[PDB]
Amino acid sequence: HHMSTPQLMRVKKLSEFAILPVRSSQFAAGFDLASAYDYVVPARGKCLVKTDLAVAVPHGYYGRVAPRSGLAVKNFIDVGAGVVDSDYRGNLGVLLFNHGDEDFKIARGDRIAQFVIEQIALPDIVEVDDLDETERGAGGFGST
């Protein structure tokens, strides 16, 4: 019965190591996500980081795991995967890619990504015989 809304999102800690998501500025797009454990993201490699949080993203939205800009510029860290469905009730994981040539060390509590509650539509699909014509048309992949 009790469901998240755009104004109030429900979060459950799955262990004593989880840190609640928190926005770092007044109008920050995302909630900072902290690692629940120590990890090493190998050079040119990847690592799935557990937050030990379960989140109920409000219906009409999804949660996008997104990169922190400092770790991207300084450490060549990117976020893979990243689509968290509003019906997902498992452990929120952050998939990190390390494109650099040095390992990237993560300690428990380090903020290693952010979580953006992005508004979406979930339309029904109708197969049609023709689509409306536009100026763009089939122009894609570097037309403009």
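Position 1 is the first residue in the sequence shown; the rest follow in order.
- When the mean C-alpha temperature factors of 83-91 and 100-108 are read from the deposited coordinates, 100-108 comes out higher.
- Mean CA temperature factor is higher for 44-52 when stretches 60-68 and 44-52 are set side by side in the entry.
- Looking at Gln119, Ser35, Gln26, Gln114, the one whose CA carries the top B-factor in the deposited record is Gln26.
- Per-chain ranking of the deposited C-alpha B factor places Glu135 in the highest third.
- Among all modelled residues in this chain, the alpha-carbon of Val11 has a temperature factor (C-alpha) in the lowest third.
- Sorting the modelled residues of the chain by their CA temperature factor places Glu127 in the middle third.
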